[PDB]
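Notes follow once the structure below has been shown.
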Amino acid sequence: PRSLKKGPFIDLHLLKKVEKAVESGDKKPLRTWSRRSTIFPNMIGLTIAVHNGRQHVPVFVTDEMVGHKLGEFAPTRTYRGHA
Amino acid sequence: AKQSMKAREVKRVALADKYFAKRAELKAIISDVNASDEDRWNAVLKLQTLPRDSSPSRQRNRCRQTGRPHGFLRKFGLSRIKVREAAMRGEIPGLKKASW
Amino acid sequence: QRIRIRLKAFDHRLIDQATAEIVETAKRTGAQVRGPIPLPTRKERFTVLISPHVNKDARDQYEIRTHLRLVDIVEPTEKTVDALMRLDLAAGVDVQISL
Amino acid sequence: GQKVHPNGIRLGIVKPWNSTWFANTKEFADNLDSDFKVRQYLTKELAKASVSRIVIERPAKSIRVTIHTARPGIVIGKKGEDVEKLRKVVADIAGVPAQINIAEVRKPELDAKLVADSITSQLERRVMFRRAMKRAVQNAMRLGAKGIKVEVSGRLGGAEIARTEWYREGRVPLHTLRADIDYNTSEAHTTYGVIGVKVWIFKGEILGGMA
Amino acid sequence: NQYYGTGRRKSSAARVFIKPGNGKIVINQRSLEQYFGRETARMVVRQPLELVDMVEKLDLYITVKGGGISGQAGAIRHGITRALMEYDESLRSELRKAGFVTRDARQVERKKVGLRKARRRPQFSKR
Amino acid sequence: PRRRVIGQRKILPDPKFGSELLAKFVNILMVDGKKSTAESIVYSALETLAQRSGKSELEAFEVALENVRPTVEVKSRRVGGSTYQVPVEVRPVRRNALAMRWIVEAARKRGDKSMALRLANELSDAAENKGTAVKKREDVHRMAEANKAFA
Amino acid sequence: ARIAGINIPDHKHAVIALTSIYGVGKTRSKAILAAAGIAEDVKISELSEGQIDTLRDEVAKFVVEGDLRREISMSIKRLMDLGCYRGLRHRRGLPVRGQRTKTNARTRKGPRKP
Amino acid sequence: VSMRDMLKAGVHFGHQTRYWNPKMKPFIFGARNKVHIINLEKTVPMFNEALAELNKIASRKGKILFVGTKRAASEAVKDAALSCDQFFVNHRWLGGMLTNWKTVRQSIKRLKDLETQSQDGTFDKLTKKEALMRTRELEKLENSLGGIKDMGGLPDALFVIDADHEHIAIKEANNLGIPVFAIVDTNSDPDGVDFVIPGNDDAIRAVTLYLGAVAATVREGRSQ
RNA sequence: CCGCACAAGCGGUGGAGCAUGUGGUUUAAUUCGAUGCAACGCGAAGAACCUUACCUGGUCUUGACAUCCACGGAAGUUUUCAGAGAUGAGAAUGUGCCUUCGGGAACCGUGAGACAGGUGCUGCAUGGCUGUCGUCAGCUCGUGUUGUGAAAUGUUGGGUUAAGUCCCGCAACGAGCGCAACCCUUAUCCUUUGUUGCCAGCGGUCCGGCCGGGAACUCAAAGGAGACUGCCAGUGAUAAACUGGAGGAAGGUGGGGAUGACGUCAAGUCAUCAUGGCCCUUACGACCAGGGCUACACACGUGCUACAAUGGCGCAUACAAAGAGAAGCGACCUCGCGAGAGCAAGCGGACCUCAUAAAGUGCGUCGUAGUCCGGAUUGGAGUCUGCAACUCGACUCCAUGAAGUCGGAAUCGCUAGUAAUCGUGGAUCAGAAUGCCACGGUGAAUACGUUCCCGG
Ligand SMILES: [Mg+2]
Ligand SMILES: [Mg+2]
Ligand SMILES: [Mg+2]
Ligand SMILES: [Mg+2]
Ligand SMILES: [Mg+2]
Ligand SMILES: [Mg+2]
Ligand SMILES: [Mg+2]
Ligand SMILES: [Mg+2]
Ligand SMILES: [Mg+2]
Ligand SMILES: [Mg+2]
Ligand SMILES: [Mg+2]
Ligand SMILES: [Mg+2]
Ligand SMILES: [Mg+2]
Ligand SMILES: [Mg+2]
Ligand SMILES: [Mg+2]
Ligand SMILES: [Mg+2]
Ligand SMILES: [Mg+2]
Ligand SMILES: [Mg+2]
Ligand SMILES: [Mg+2]
Ligand SMILES: [Mg+2]
Ligand SMILES: [Mg+2]
Ligand SMILES: [Mg+2]
Ligand SMILES: [Mg+2]
Ligand SMILES: [Mg+2]
Ligand SMILES: [Mg+2]
Ligand SMILES: [Mg+2]
Ligand SMILES: [Mg+2]
Ligand SMILES: [Mg+2]
Ligand SMILES: [Mg+2]
Ligand SMILES: [Mg+2]
Ligand SMILES: [Mg+2]
Ligand SMILES: [Mg+2]
Ligand SMILES: [Mg+2]
Ligand SMILES: [Mg+2]
Ligand SMILES: [Mg+2]
Ligand SMILES: [Mg+2]
Ligand SMILES: [Mg+2]
Ligand SMILES: [Mg+2]
Ligand SMILES: [Mg+2]
Ligand SMILES: [Mg+2]
Ligand SMILES: [Mg+2]
Ligand SMILES: [Mg+2]
Ligand SMILES: [Mg+2]
Ligand SMILES: [Mg+2]
Ligand SMILES: [Mg+2]
Ligand SMILES: [Mg+2]
Ligand SMILES: [Mg+2]
Ligand SMILES: [Mg+2]
Ligand SMILES: [Mg+2]
Ligand SMILES: [Mg+2]
Ligand SMILES: [Mg+2]
Ligand SMILES: [Zn+2]
């Protein structure tokens, strides 16, 4: 947890671009590398392609995932089992 | 270490002691008790706007004449190997092999 | 009112020489003096790996001993406080004065 | 079996420090970097002047460098000029008023550093190593040294199998802390790689501590 | 009137002042029974008195600093012994027979590089 | 102990009673250098043993201890290239130490939801020549003199 | 004694008997007893049934017993349904708080399956 | 020395007839009680002619080395050398004492350095244990070279008691050409002695007779 | 014949959970190195970004870092847009400094080549440094002597010692590198100086060395004394030495450390650094964001916490040492159940702060059970550091309460203030210790002996 003294954290570029997208209407998925940004309620209904080290996984933002970070919904390692 | 690593270190030192006052006041505003929520919010954005390499926590202490990033000693500014070299040559004042 | 002087050194013979000189000029210039009254010697210690790779267990221990001396003169006549500042001593001795 | 550095193990017993200033924990590393740069510059600019030692003191707000050399005239230069020329750049490097004193080594063949650098200079001018070794040892023993060991190591004669050859003459007791042993090393960069020379010179046991 | 003795154990130091008149024992402005909550310390602090058979003829004023309870008890015993010797100087032979002038030099051994303790070597495996 | 066979250290006599053997006992059951705890357990156990015995704690302890002191024990030896399980007679201080160790061990493994209680219980038992400590002394003697061939 | 927690607390002291309810630890039990005016070392016996009631209505001020188990179940399903990292780790049965998995992650995996 | 002077001291006495050496037959009077009897008729003139040579050597500033390692007669030979200002070996003979002269000189120098150092000082600078150890080494060096510290160079003449016991010394001397004067019991081989005195070498009385007569003639040769 | 090598002992490891390292497997990458003892809490004295060398993608090509040359600009300072960021495109100031007044030195940008750059290969080309046998007692030489000579002697023999330590014997006599000693620390006393340390006798007290005062004592840190088989007895070649005793704070190199001979293993390190050769040069170099080094069917090593009553829990209450502190240590007071927060004193520190040591002791409780044992795991809610705690930080509160009831074969450590147990501090460090390096508290058992095991 970050703090209650401070506010939840978000990358400035991501904030500006998601506000542009939400005011201009739904569009293509917003590409971002900001795995460390908190999902704000003004981002529900959007689709954000979050980087995972090599490829932008598209995550469709739901109501229930508000408050979590984007990187939580784009795993970086691949296991697939040991066979 | 490579010359590029020492170059990165000196550039980080310069950027950290160039933006020290602005980062200080922004962090003060953010951690300020009873600060305006909008003022605290804009300070968070402004702080994340500054160059990433301006935070002192991004500096890595390196041995001052080889650049080694491990085994650093703050009292001397050198790694363990160069500390031992200068100590045995009698180039560190007072330092001598101890036994008790 | 008084003058309190702290001497710091890395070697104790040098600090003994310096404090003897200080107390001797003070006694010569008419001031009343307190003796060296040595404060506890601070021995800072370091332990470093003598082996560049693999052998962490092989290592040696070094220490810097800094010796303290305290000289207090209770009657700092202007005949004396000047001669104090005029006095210069060895290089490896730190001198700190307070009134 | 590895051996302790014979100079460092006698520090404060029979051997003095090469830096004799005092500093707190906030200007200590700065002082080490400063006088490392000073020593580096002085060894670079004086490689031909046969410099043996560089002592560095730091009085209240100054720096004093004593250069123990074997050829004082070359260091000073004519009219006493080159000494001032290097004094001003030492003051630039240290960022503080500087002084330069010069102490002459009256017998160079008894100083470990001078013997070692002479041997290395003869080595990188492709002189046969055993010749220089024997000549150094005999010159030292002739001028009243009570013992000397000279060891040259690493690809001698330009071979493909590096080996270490040493030669001792006299009494060189390394386990006696009371013994006054001058010890130094040097490196020769021949066309077949680097060659390491070590010199121990025993000058008699000293009775009565540092005094 | 007074007779003084200093005693030392592992890291403790005890100043002991003896005078004649009673069997009072004070340790750091506290009675013996309320400074040493151990019967072993209580009996080892008055061994010299019971040995020389002067238990109720001497008032003891003690000041002990450093160490633990056993160290302080032993330092006070050594100090009482030395003060008794300064008191009569003929009790020395019996006190030495009891071994109270021993001043044992045992001290906590220092930790050493490569070991986990003064002598405890780390565990070792081959296969 | 290959060159100079080293002697034994001198425990100073017990604080409360004055028995050096009781001092050896309290040293023997002391765990983790915790002297006072074992000392209190021993003092409490001896007093409880004394009330049933009607005898002085030192004597009842002595009669219980001698009732456990073995006189012969087995030893693994090599003299003629054989795993010689030789019965050999014991020394006095060795049999004292073995008796104390055996009674401490039996007490520790009895439990009785206490320490002083179980110690006093089995000390009173070994006093009347019964219990696991006595059982183990008889078992040692049996193992020893079941192989009388090597005497 | 049968508290609002449908289980049956033991015969031991109250302060620890109340910890048998799924959702009550030591601190919550102390708080309940202090709210009901009952001493901690009093056994579960010698308590008039009125006191059992005046502690049942107190423990009723917490979500303990079955309701807590349902709350834990739905909060885990939240993660297992969102698709977050914690959800996938709850699904695969692996430590969800960043512990190493190269060795000794057994309590999340059970006995070793060679 | 007169035959009567020797005979009372017992010079005629010898070793057992069981233990004799072949070349000694000319010097043997006969046997009694299975004991070899030495003939004083040969002993006296040979000793006198040897005393002549010893007087000559000492009268040309000769350095004389008295040699004997018998535990009974060590002090007698030492005092004998002191009575004529000469050099001696009374402790067990060291091989190469004459042939390895250079090594002895280093040992002589070390003995001189330790005694000079103690007089000069610096023993206070040495640790009390170290100073005592240096004194012990000085004592050991003196017990080893008390007689020859002042010999300076190789001696000009050797006097040997029981030449068979000291055979290494005579072998060295012959290898150096240094003359050997020796009291030769019947069990000894007389080849190595250029001026041979056949006589008892154990008996304290006869040994002291030899030493006293030699020392009197050596002082006489010195006096001139 | 020696060594915790075995034996005699005490406590472990091997079973459990967790921490950590390695192998393996997986992966876009899981960077590289270390591999029987002598690799495996190792290089790393501390990977969220940084570090970072690895991966994906975006970018640069005399370059991130150095000198040189030409051309054009003072340097720097405050902003806007685009971009994940590297980087691109955008305004007023400045016009400083020095001038034979050209210009220069500083710095900036562009252009052109010499070049830079490489944590790229080789530790079977090297220096340096280190491990290891092993603090094991050895390794040799000069001269002499013996032998045609290769060589031998010394260095073997008899005793003795921790020791090639020492004494006898002996063609050996000596010396060198080692052994020992010199050094550090510790145990007693003395002398000197008494602050910020001390408080015996004194007066004054708010009962606080707190304040007059005291220089005694503890202590602080300089100097010096002291232990030498010196003394006694006995054994022993009358020797070396051994055994015991006296005195003594200390007795037989008092305890501990530092100190590691000639050499061994082509042992380790080209990734600290340096370096021969080779290799790369719009890339194997350089910049940036995100990811990885933290994976997880398993195997091994080193640890931590446990399985409890010699204990757990609550209340009360004693006794340490050694350290650190200026972008630092941070009191008191207030707020919060708490991690902490707010205000803010003092301290470059025998003064102030970290900072109440915990085992212990007293009183009460639990009564042998998977428990008032154990704490894993997990849910919820928080604090702090930091641009930023998703991958992947530590800590707190509430809840949850796995395994575990003493561990097979086998194996490790330790001979005294030692093992065991109990806390404390420090280095690295914004934050991140169960590791490492130090400190003190409590405090044992046993050693008949050298037959065996391992090593010399
Ligand atoms: Mg959380
Ligand atoms: Mg480089
Ligand atoms: Mg960092
Ligand atoms: Mg300090
Ligand atoms: Mg070493
Ligand atoms: Mg809880
Ligand atoms: Mg983790
Ligand atoms: Mg066991
Ligand atoms: Mg296992
Ligand atoms: Mg295990
Ligand atoms: Mg792998
Ligand atoms: Mg690896
Ligand atoms: Mg380790
Ligand atoms: Mg790329
Ligand atoms: Mg360009
Ligand atoms: Mg290059
Ligand atoms: Mg290269
Ligand atoms: Mg190698
Ligand atoms: Mg040894
Ligand atoms: Mg060997
Ligand atoms: Mg031997
Ligand atoms: Mg040999
Ligand atoms: Mg030989
Ligand atoms: Mg022998
Ligand atoms: Mg020797
Ligand atoms: Mg011999
Ligand atoms: Mg030594
Ligand atoms: Mg002290
Ligand atoms: Mg005062
Ligand atoms: Mg002193
Ligand atoms: Mg001694
Ligand atoms: Mg005695
Ligand atoms: Mg004695
Ligand atoms: Mg010692
Ligand atoms: Mg290795
Ligand atoms: Mg990066
Ligand atoms: Mg444990
Ligand atoms: Mg514990
Ligand atoms: Mg710290
Ligand atoms: Mg406080
Ligand atoms: Mg509060
Ligand atoms: Mg705070
Ligand atoms: Mg702390
Ligand atoms: Mg308690
Ligand atoms: Mg519990
Ligand atoms: Mg439970
Ligand atoms: Mg041992
Ligand atoms: Mg601990
Ligand atoms: Mg810690
Ligand atoms: Mg300890
Ligand atoms: Mg063997
Ligand atoms: Zn004869």
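The figures here come from the full heavy-atom set of this structure, side chains too, leaving out hydrogens, waters and symmetry mates. So that the names make sense, note that chain A is the first sequence line, chain B the second, and so on, each numbered from 1.
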*Please state whether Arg155(D) reaches the major or the minor groove, judged by side-chain heavy atoms lying under 5.0 Å from groove-edge base atoms.*
minor
*For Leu174(D), answer base if it contacts any base atom (sugar-phosphate contacts may also be present), sugar-phosphate if it contacts only those atoms, and nothing otherwise; contact means non-hydrogen atoms under 4.0 Å.*
sugar-phosphate
*Touch check for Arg121(E), heavy atoms < 4.0 angstrom, all strands: base, sugar-phosphate only, or nothing?*
sugar-phosphate
*Which nucleotide span of RNA chain I, 5' end to 3' end, has atoms closer than 4.0 Å to non-hydrogen atoms of chain F?*
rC1(I) to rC452(I)
*What about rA216(I) and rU160(I): are they a Watson-Crick or G-U wobble pair, with both distances under 3.5 Å?*
no
*asked:* For the structure I just gave you, are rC101(I) and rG157(I) base-paired, Watson-Crick or wobble, with both distances less than 3.5 Å?
replied: no
*For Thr49(B), which contact category applies under a 4.0 Å heavy-atom criterion: base, sugar-phosphate, or nothing?*
nothing
*With sequence neighbours excluded, give me every salt bridge (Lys or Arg N to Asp or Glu O under 4.0 Å) pair touching residues 37-47 of chain C.*
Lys75(B)-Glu44(C), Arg42(C)-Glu44(C), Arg45(C)-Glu63(C)
*Please name all residues satisfying side-chain hydrogen bond (donor to acceptor under 3.5 Å, both in side chains) with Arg35(A), sequence neighbours left out, ordered by chain then number.*
none
*What does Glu187(D) touch in the nucleic acid at a heavy-atom separation under 4.0 angstrom: a base, only the sugar-phosphate, or nothing?*
base
_Ion pair check, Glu205(D) and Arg171(D), cut-off under 4.0 Å_ = yes
*asked:* Return the pairing partner of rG323(I) with a 3.5 Å limit on both distances, Watson-Crick or G-U wobble; otherwise return none.
replied: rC354(I)
*Does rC296(I) have a Watson-Crick or wobble partner in any strand here, with both distances under 3.5 angstrom, and which is it?*
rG24(I)
*State the pairing partner of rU35(I); accept Watson-Crick or G-U wobble contacts with both distances under 3.5 Å, and report none otherwise.*
none
_Less than 5.0 Å from which groove's base atoms, major or minor, is the side chain of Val194(D) found?_
minor
*Is there a Watson-Crick or G-U wobble pair between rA172(I) and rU143(I), both distances under 3.5 angstrom?*
yes
*asked:* Taking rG393(I) first: does it form a Watson-Crick or wobble pair with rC384(I), both atom distances below 3.5 Å?
replied: yes
*What is the nucleic acid contact for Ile50(C), judged by heavy atoms within less than 4.0 Å: base, sugar-phosphate only, or nothing?*
sugar-phosphate
_Taking any heavy-atom pair under 4.0 Å as a contact, classify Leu126(H): base, sugar-phosphate, or nothing._
nothing
*May I ask you to say what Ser153(D) touches in the nucleic acid, namely base, sugar-phosphate or nothing, with a heavy-atom cut-off under 4.0 Å?*
sugar-phosphate
*Return the set of residues passing side-chain contact (heavy atoms from CB on, under 4.5 Å) with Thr66(B) (not counting sequence neighbours), or none when no residue passes.*
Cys63(B), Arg68(B), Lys82(B)
*Which groove of the paired bases lies less than 5.0 Å from some heavy atom in the side chain of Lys102(H)?*
minor
*Relative to each other, are the rings of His51(A) and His56(A) parallel, tilted or perpendicular (30° and 60° limits)?*
parallel
*asked:* Base, sugar-phosphate or nothing for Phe62(G)? Non-hydrogen atoms, less than 4.0 Å.
replied: nothing
_What contact category does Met115(F) fall into here, base, sugar-phosphate, or nothing, at under 4.0 angstrom with non-hydrogen atoms?_
base
Report, one line per pair, each donor and acceptor closer than 3.5 Å where one atom sits in a side chain of residues 68-83 of chain A; sequence neighbours left out.
from, atom 1, to, atom 2, distance (Å)
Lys69(A), NZ, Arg36(A), O, 3.1
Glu72(A), OE2, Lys69(A), N, 2.9

*Reckon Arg8(B) touches a base, only the sugar-phosphate, or nothing at all at heavy-atom distances under 4.0 Å?*
sugar-phosphate
*Just name whichever nucleotide pairs with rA92(I), Watson-Crick or G-U, keeping both distances under 3.5 Å, else none.*
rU77(I)
*For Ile81(B), answer base if it contacts any base atom (sugar-phosphate contacts may also be present), sugar-phosphate if it contacts only those atoms, and nothing otherwise; contact means non-hydrogen atoms under 4.0 Å.*
base
*asked:* Using the side-chain hydrogen bond (donor to acceptor under 3.5 Å, both in side chains) criterion, which residues pair with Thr41(C)? Sequence neighbours excluded.
replied: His67(C)
*Could you tell me whether the sugar of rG360(I) is north or south, judging only by the sign of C1'-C2'-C3'-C4'?*
north
*Please confirm if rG57(I) pairs with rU156(I), counting Watson-Crick and G-U wobble geometry and requiring both distances below 3.5 Å.*
no
*Remember a base hit wins even if backbone is also touched, and classify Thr127(H) as base, sugar-phosphate or nothing at under 4.0 Å, heavy atoms.*
sugar-phosphate
_When both hydrogen-bonding distances must be under 3.5 Å and the geometry is Watson-Crick or G-U wobble, what is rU13(I) paired with, if anything?_
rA410(I)
